[PDB]
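# An overview of the molecular structure
Listed here are the chains, written in short residue letters.
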Amino acid sequence: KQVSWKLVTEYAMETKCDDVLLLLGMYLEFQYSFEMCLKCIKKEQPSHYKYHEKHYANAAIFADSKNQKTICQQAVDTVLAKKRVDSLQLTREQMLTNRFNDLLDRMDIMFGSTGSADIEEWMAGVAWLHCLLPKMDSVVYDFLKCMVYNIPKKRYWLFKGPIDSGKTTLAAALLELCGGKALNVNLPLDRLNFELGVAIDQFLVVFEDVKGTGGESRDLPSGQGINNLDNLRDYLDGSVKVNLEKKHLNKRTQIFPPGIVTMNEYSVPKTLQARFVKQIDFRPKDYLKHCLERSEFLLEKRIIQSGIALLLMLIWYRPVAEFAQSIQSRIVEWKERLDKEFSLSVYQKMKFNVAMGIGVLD
Amino acid sequence: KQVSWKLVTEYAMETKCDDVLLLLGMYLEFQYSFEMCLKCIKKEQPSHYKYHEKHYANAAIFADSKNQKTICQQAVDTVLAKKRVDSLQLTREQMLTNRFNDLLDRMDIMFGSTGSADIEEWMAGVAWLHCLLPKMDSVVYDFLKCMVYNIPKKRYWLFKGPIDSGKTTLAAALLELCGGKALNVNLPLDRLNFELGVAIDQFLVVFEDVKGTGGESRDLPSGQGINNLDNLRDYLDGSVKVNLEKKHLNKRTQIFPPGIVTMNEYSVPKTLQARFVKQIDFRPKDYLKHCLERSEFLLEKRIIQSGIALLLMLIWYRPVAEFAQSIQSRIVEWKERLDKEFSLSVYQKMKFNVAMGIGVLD
Amino acid sequence: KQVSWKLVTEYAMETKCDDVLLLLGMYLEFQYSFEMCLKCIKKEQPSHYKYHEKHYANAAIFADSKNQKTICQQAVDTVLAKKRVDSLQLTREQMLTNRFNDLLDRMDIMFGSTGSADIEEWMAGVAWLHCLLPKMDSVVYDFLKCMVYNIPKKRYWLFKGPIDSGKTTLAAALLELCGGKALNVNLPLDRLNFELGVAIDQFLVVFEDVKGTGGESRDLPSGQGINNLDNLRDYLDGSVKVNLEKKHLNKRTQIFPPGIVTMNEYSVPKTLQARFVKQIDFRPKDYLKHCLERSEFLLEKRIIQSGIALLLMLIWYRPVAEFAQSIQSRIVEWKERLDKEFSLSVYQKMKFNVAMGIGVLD
Amino acid sequence: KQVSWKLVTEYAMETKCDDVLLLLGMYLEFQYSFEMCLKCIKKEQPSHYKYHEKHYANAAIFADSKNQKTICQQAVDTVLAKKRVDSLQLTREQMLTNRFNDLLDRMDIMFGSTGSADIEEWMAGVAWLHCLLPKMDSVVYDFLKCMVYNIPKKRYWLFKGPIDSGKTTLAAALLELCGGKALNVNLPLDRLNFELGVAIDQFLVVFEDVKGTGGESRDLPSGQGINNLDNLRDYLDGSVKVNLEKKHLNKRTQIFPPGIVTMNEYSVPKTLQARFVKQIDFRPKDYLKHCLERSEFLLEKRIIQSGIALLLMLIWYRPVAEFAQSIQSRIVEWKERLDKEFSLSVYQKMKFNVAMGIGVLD
Amino acid sequence: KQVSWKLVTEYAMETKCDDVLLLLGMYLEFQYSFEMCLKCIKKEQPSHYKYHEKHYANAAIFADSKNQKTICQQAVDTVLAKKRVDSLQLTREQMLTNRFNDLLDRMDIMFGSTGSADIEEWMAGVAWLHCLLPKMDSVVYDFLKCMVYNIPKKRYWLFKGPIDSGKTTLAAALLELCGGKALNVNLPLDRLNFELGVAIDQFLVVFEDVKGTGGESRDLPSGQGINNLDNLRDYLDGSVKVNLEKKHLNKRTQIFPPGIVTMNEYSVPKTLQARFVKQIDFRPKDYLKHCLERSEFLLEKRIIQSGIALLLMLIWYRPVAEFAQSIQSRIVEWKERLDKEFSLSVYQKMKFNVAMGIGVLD
DNA sequence: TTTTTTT
Ligand SMILES: Nc1ncnc2c1ncn2[C@@H]1O[C@H](COP(=O)(O)OP(=O)(O)O)[C@@H](O)[C@H]1O
Ligand SMILES: Nc1ncnc2c1ncn2[C@@H]1O[C@H](COP(=O)(O)OP(=O)(O)O)[C@@H](O)[C@H]1O
Ligand SMILES: Nc1ncnc2c1ncn2[C@@H]1O[C@H](COP(=O)(O)OP(=O)(O)O)[C@@H](O)[C@H]1O
Ligand SMILES: Nc1ncnc2c1ncn2[C@@H]1O[C@H](COP(=O)(O)OP(=O)(O)O)[C@@H](O)[C@H]1O
Ligand SMILES: Nc1ncnc2c1ncn2[C@@H]1O[C@H](COP(=O)(O)OP(=O)(O)O)[C@@H](O)[C@H]1O
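Residues are labelled from 1 along each chain in written sequence order, independent of how the entry numbers them, and those without coordinates are excluded. For this description, chains carry letters from A and ligands carry numbers from 1, given in the order in which they are written. Remember that the shown chains come from a larger assembly, so read each value as a statement about the shown part. With hydrogens and water stripped out, all remaining heavy atoms of the structure feed into the side-chain values.

## Re the pairing of strand β3 (residues 204–210) of chain C
Residues and elements named next belong to chain C. Stated formally: Residue burial is assigned from relative accessible area. The probe radius is 1.4 Å, only protein chains are included, and a residue is buried under 20% of its type maximum, exposed over 50%, and partly exposed in between. Numbering of helices and strands starts at the N terminus; helices are DSSP runs of H or I of at least 4 residues and strands are runs of E of at least 2. Pairing between two strands requires that DSSP report at least two bridges joining them.
Counting buried residues along β3, seven of its seven residues qualify, which places the element largely inside the surrounding structure. In the sheet, strand β2 (residues 180–183) pairs with β3 via four bridges, with the strands oriented parallel. Residue pairing for β3: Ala182 is matched across the bridge by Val206. Relative to strand β6 (residues 259–263), β3 is paired through four bridges, and the arrangement is parallel. From the neighbouring strand, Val206 faces β6, where its bridge partner is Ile260.

Following this line, the structure appears as structure tokens:
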């Protein structure tokens, strides 16, 4: 009998696998007998136990084959081909809707019967995130719409505040909610060349902790990031296509993606201040610090950094009609799921605990 | 049965794909039944629904095949071969006539029944651009004439002026009309060679926002760009061929393209001013600035940066005889469309609105 | 029924193609029917209409083939193989005699019944070049002997003088007459390897617009050229075989070509001054500018740079006996055309016009 | 009806080709019929008229074949394989004996009645060059003896002296008398990897114009060469096998060959100074230059640089027993044949003409 | 029939052949008949006449084969693979056994029937070193066993003395008895990290001429070398694995090799003094200089500075039963050779005349 | 792999 190359390519497509060694290893685990597989019976990894039943007959023949890495390469090139087709043909609203579909799939497993996580612990995360800024759910929705519409010169937001105020916490959650990357522009103009190359085909970027110079009475390290941003003005404005470089690969011409700049209270040049739409001032708050000392599980599970928490915030607060037409069905299912388990009185009691600096789940 | 490699090569020539991954992704999705195909029913992308019914039989057999990327690589070689043949054998008037034909195909789709845009928005763009410089249609035409003749020494145009003065708006629109690339020569010398390699076979080059030295006299940043340009003087003149390189590929010998330099008001060494045949001064105009803020659809849809707008300007103002004899019959059809859907009073009112800082549609 | 690889090899040999993409593109055009081809009926490019009828049957079999680039790579290597054989086996007099035959073939097509060139406009170029230096045909003939005899350490010529004085003009014309490559040595030492590799198997090199270190008090830019070139002294002499390099290919060992160095009034080290035979000083001549300004057809058609203009000068002034024995019989045919289509007096009027700063033709 | 790969390998062994494009070009010329072959009738090159009649039948079938470059690779590999066998298994005296046999075969054909050269002008070469130094012919013998012994850590020679002093013409003459390759180590140390790779299985290495640090006040610019050699100490000592590299081929483990360094008057670090066995320093002379001005055939025909001129000198001054025993019978034929024409009285007269600066002839 | 690839691999294994083109070249020699072979009758090399009778049948088929280099590549990979199995097991004793095997075989040649120098020069040098330092025949055997055991903290020996005392000249011979490299730790601390990386995967390290501070009190130059070395605590002691990096490579983790420090007479901080297991003081002796001056061939043949002189000393004095139980048989022959080629009394005569300051062969 | 990256 012969290997079906078509069944391998299907598995790669449905697993969304970019990687020749990961695919090869995953697929070789299907050769052992289905009826007695310990990895199925512990139900431990979803990308195994959902597929082993189908692929056993092909995996047995594949284990005898001589072509193995050649079969996996064609499968991986098919998955890479779809990504490139999508990048050039989807509108930004569809890219975001696909990303929410990926997140909702992970939530269904994570809060399912074999799930590890309590939904009570993640709703405590929504209560703590809501106290970080005024009107958080509007701020998150304004951010999403701004990244979708991508209007020239209305592309970037500035996060400003003392050390330990929440800047990296909120930024990391937005990066997970709509996939993106972090950049470090504090380097010399020499090395920036490959640093800016991380943004190739990304939806969103964050410039993390850019350092100015001067203001030394404030007790701040000096660096050159603000000078660099002032020379990188064209990338922030975004009217024109710029050349971007990865190590060993040819230059690509792109409209550089929108993003977030985080900084301490360094002085902005009047030039740079004008490229931003909004600045959000973060300030330290004593009640939130006392709360985290008495609700450690938020930090230790990394709940407050995670985009699943921001999505649960959006699901609770925003009306169904703001979401795109195809995802609305999953959302009304998830709303009814949540309203059945959290009474509004319990959620207001969670928020009242956070405002008092007491532990959330008393 | 066996795959027809000839039909794949035919598809690549009709859609003009250079990317092997993009061609592979496109061709695979034809494998599903044409009678049901959702993107054909939705009329989503012209690169798909115009072809699916023809290629369906071959795409099913291609999905079974074991040398898919060898098939796609040969098809991409075939499209590259036509580009190099056309580059050595066509006169620059024919190269430009072919670029106008591509744009007019986009305009037929874009302003047809399937398309999203409409003419009164984009024609207000042509009214806005005409207020930027005196006699804009003569300046655009005289530029096109210069680039087609490509006379040595008498070859490059210099745009200078304060920030927010429309240099990059015009330069990006001229770039989109002719086709070409933007280069950032502000770099260190040891990596300029790969930057200049982006010019290979292009029709235009635009050297964007080159920094000088001595800017503190004006409160301007400092950078090497103007000194690098003084070392590249051989590339600007175009008297003799230069050697250009892409990463991992052997050097190619050709005459460097003509084009545009944009800069802030640095002092220019007189040996470089001797090499620029025309200098166009841009200055702040407050009425243009007020008009954009009240007419922001001009930015949100990128109407003012786009070469389709400049071609509509040429169609409105130029007499039919100045286009090459091949494309004239297609242009009189467009003059008829525009003179049907508009009147002089409508366009005279749009320019009247701009000149008073009123909204262009008021 | 199978492709004959020998027919493609003949076509490549008769056409002299060095790159695989160009050979592939040319040959794929032959698959369409000979009885209707528009490119044959217009007689537009001579590489097509002379060969299509012979190759058509094979081209349709080539278009079905699974192996196309492999076929073309063998054919291109066969053309490169002949050029390597001749570079070891021929004397330099025969190399130049062959290059003159190639030029005289182009002159038959340019000035034939089926081409655009006007012999009066090209003989107007001879008048302008004959004014640039005194005794111009003596200079051209002494240059040619220097390149043919290739006497060690007496091989290079130096051109000095202001910007806009005819030095790059005459260098480009000599470079087309002999054939060769133009090289840039103003970049730093560490990437010169692949630049000097452009000189492999060539007859001439021209080092364009070399920059010195000093002279800044004259308002002349500083750079690395003369420092680099003083390290390269071993390449200039041609007493010893050097090692030359291209990407992915092994070291070639050969004597480096003779050539021309061009520069703008920098001072030169005594070690470099010892390795040039003759220095030519160019000083601006006002009447040549006012002539050229009224004679813009010279620049558009590039006549004053073209090697054909110096070959026409040699046919006008030199005796017949001092061309090689096989090419004399074609030169005497060209002597007769020029004495039929011009008198002396029409040529003497043109040369008087150039002295007067009037347009060359009147 | 198959191509004989055996016959191609025999042609490469008899011609001793070591480049694939050259062998391909040479073998393809044999496909045309033997009878009418214009090159065989004129007898232009021995590598053609010796072999065509034998190889014709195989070359016609080679011209139909489609593996052509793989056939030539296996033939060139066979020739490179034999040189490595010789390089290990021959006695080092016999390698020099073999190289003289190659020269003595080549010297006989060029002084044949069919040859272009003549005895008196090449003996003027012997006269001029023996005048260049004190006791020249015994200095050449001392060099040959030193290289033949190759006593570890007692190999290399220095030369030192200024421009136009004579060092490089002597080094070039020795290089052709032996087998050898010139190297340029003035480039930065990390690039030298493939430069040193040329010495693989060579007899002599010569380092030409190696530059020190400082001394620039004499108009002798600096470079990395001497610091490189002090790093490359392990290769001069060569008491152990070094590892030498070339592109896409398995690397060679070998002792680096004996050789010569030529320099201008730089300082030498004591660590490097200790490696060189002998230091034959140079001084300029004036009547020799007066003679060359009047005797231009010497440089035109490259008489003074060639190893044939030193071999004519060693034939002149050396006793016949000092050579190897196989060539002893050839050397008496050249001793006699040379004396039979060129008597000592006329030799002394023209040697006086050099000494007096007259110009050598009569 | 077909080629046996295993017969080729047997020849490569038994010849211990490391290199593809060398294997190809030697195996092709077996094409011709065994009975007639001229090399077999002369017996010039063992690698031919031992095998030709056996391998002739295969070599007749190998000559017709169309993929000869692939056969040889597999054979060489088989010999190279066996060296990496042996790397698994090498105890540091067995490293020194085979390091000696490589050096005796070069002694067998150089002093042999086909030799190049006579032991009467070498033995007077061995007698000279046997009076440079007290009891030195015991020192070298003790030194080597410290290196073989590589006991932590017991690793390093300090050679101290004023200039011209014998330090560098003995360090050369010990480094050539072992294998290793020298390091120059006088560099500023920034550059030391790359210098130390040269020790990657080696048996021995030698540190040369560490500059102190305060040595100007005796006109000694001063520098950081001692202060750098005092800070390399973990590299000297050898209890823990340390990181090493070459330029352009990733960091390697290993125990740092043992070694020798040679020092120009400065003071040593008592921290650094605790790192060295034994200190050797070298002192000027004028009778050693008079001896050298009256025996200058000792230096000019470089008798003193070789691992050959130290191995020859280990042969003379030490007993046989302490050499490894395999290699000890090869010292039987060099003992009996020396005991008969040289006189037990003549040694004492030349040590006497050395100590007398008389010429060592007088 | 070589080149590019690294230095
Ligand atoms: N608004 C706040 N008030 C008090 N503590 C905070 C606040 N936001 C965050 N923290 C504390 O600071 C830690 C780090 O927050 P992060 O956002 O990573 O720092 P930064 O604001 O400097 O980027 C959190 O884990 C939490 O313990
Ligand atoms: N005459 C003008 N006066 C003031 N602003 C202008 C004028 N023309 C264009 N603009 C502004 O130019 C902006 C485009 O950027 P641009 O000025 O071209 O950048 P740069 O000057 O760096 O090339 C537009 O967003 C618009 O607001
Ligand atoms: N006699 C002259 N006076 C002024 N300009 C001249 C003269 N001769 C040639 N030129 C100019 O030389 C230009 C070409 O450059 P050229 O002077 O040959 O080299 P470079 O600019 O490097 O010195 C032509 O476009 C032409 O305008
Ligand atoms: N005595 C001499 N007479 C004439 N020319 C000489 C003499 N010595 C050297 N040369 C010139 O220098 C070249 C090589 O000698 P060398 O002293 O090495 O010069 P360079 O230092 O320029 O290489 C010769 O080929 C020749 O052109
Ligand atoms: N103990 C000694 N007494 C006198 N001269 C010596 C002594 N040791 C070496 N020499 C001489 O000193 C020269 C330099 O030796 P070297 O090892 O460079 O000195 P150092 O001990 O400073 O390293 C030797 O070549 C030798 O001629």
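## A short note on the site of ligand 3
To be explicit about the condition: For each residue, the test is whether any non-hydrogen atom lies within 4 Å of the molecule or strand; if one does, the residue is near. Side-chain atoms alone can form a polar contact between residues adjacent in sequence; in general such a contact is a pair of N or O atoms within 3.5 Å, and within protein one must be able to donate a hydrogen while the other accepts it. We get accessible surface area from the Shrake-Rupley algorithm with a probe of 1.4 Å; when it comes to residues, only the shown protein chains can shield them. The residue classification treats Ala, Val, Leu, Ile, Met, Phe, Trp, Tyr, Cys and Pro as nonpolar and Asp, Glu, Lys and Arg as charged. All others, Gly included, are polar.
As a structural note, the neighbourhood of ligand 3 is formed by 14 residues, with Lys153 of chain B together with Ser165, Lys167, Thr168 and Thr169 of chain C the closest of them. Near ligand 3, residues from chains B and C are present, making the site a shared one. One of the side-chain N or O atoms of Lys167 of chain C is found 2.7 Å from an oxygen atom in ligand 3. If ligand 3 stood free it would expose 560 Å²; the protein chains cover 91% of that surface. The set of elements that each furnish at least two residues to the shell around ligand 3 consists of α10 (167–178) and α15 (286–293) of chain C. Here the shell around ligand 3 is built from residues that sort into five nonpolar, four polar and five charged.

## What about the side chain of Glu29 of chain D?
Heads up, the rule is: Note on contacts: a residue pair qualifies if any of its non-hydrogen atoms lie within 4.5 Å across the two residues.
With respect to the helices and strands, the residue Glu29 of chain D is situated in the loop between α2 (20–28) and α3 (38–42). If we ignore the near neighbours within four places in the chain, the residues touching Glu29 of chain D are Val85 of chain C together with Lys39, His48 and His52 of chain D.

## Notes on the UniProt feature "binding site: ATP" in chain A
All names here are of chain A. Selection criterion: UniProt positions are given in the numbering used here, feature names are shortened, and annotations may be inferred rather than shown by experiment.
Residues annotated by UniProt as "binding site: ATP" correspond here to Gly161, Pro162, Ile163, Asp164, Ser165, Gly166, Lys167 and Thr168. Structurally, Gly166 is set in the loop between β1 (156–160) and α10 (167–177). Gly166 sits in the buried class, given a relative accessible area of 15%. The residues touching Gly166, leaving out its near neighbours within four places in the chain, are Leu132 and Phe282. By secondary structure assignment, the location of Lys167 is in helix α10. Those residues in contact with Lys167 that lie beyond four places of it in its chain are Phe159, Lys160, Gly161, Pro162, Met263 and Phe282.

## Some remarks on the sheet that holds β2 of chain C
Residues and elements named next belong to chain C. Definition in use: Note on method: axes are straight lines fitted to C-alpha atoms, helices fitted across the in-contact stretch only, with angles between N-to-C directions ranging 0 to 180 degrees.
Read across the sheet, five strands follow the order β2-β3-β6-β1-β7 without closing on themselves; strand pairing throughout is parallel. At either margin of the open sheet sits one strand with a lone partner, and together these are β2 and β7 (276–281). In this sheet, neighbouring strand axes are inclined to one another by 20° on average, regardless of whether the strands run parallel or antiparallel. In the packing of helix α9 (residues 136–149) onto the sheet, the strands contacted are β1 (156–160), β3, β6 and β7, and the crossing angle to β1 comes to about 145°.

## A closer look at the protein's contact with DNA strand F
If you check the shell around DNA strand F, you find 15 residues, and the closest are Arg191 of chain A, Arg191 and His248 of chain B, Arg191 of chain C together with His248 of chain D. Sugar plus phosphate: this is where 82% of the atoms of DNA strand F within 4 Å of the protein reside. For DNA strand F, a phosphate oxygen lies 3.0 Å from a polar atom in the side chain of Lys247 of chain B. Contacts to DNA strand F include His248 of chain C, whose backbone N or O atom sits 3.0 Å from a phosphate oxygen. Of the residues in the surface near DNA strand F, the class split is two nonpolar, five polar and eight charged.

## Digging into the interface of chain D and chain E
The condition that has to hold: Salt bridge criterion: a side-chain nitrogen from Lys or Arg within 4 Å of a carboxyl oxygen from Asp or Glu.
Of the residues lining the interface, 22 residues belong to chain D; the matching set on chain E comes to 23 residues. Linking chain D with chain E are three salt bridges. The interface formed by chain D and chain E contains nine residue pairs in polar contact. Only α1 (5–15) and α6 (68–89) of chain D provide two or more residues apiece to the side of chain D that touches chain E. It is α6 of chain D that contributes the most residues to the side of chain D that touches chain E, nine residues altogether.

## Focus: the nonpolar core
Applied cut-off: Put simply, buried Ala, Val, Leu, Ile, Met, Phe, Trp, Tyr and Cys residues joined by side-chain atoms within 4.5 Å make one nonpolar core.
Counting 71 residues, the largest nonpolar core has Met107, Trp128 and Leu310 of chain C as the members making the most contacts within it. Top element by residues in this core is helix α8 (residues 119–132) of chain C. It accounts for ten residues. Leave out the neighbours within four places in its chain, and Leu310 of chain C touches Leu129, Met136, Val140, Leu170, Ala173, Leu174 and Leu177 of chain C. Core analysis: the next-biggest nonpolar cluster, separate from the first, contains 67 residues, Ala124, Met136, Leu177 and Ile331 of chain B among them.

## Comments concerning the relation of the copies chain B and chain C
Applicable threshold: Copies superposed on C-alpha atoms by least squares.
The transform that puts chain B on chain C rotates by 59° and translates by 1.8 Å along the axis, for an RMSD of 0.7 Å. Put plainly, the chains are arranged around a six-fold axis. Scanning chain B for the C-alpha nearest the rotation axis identifies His248 of chain B, at a separation of 7.5 Å.

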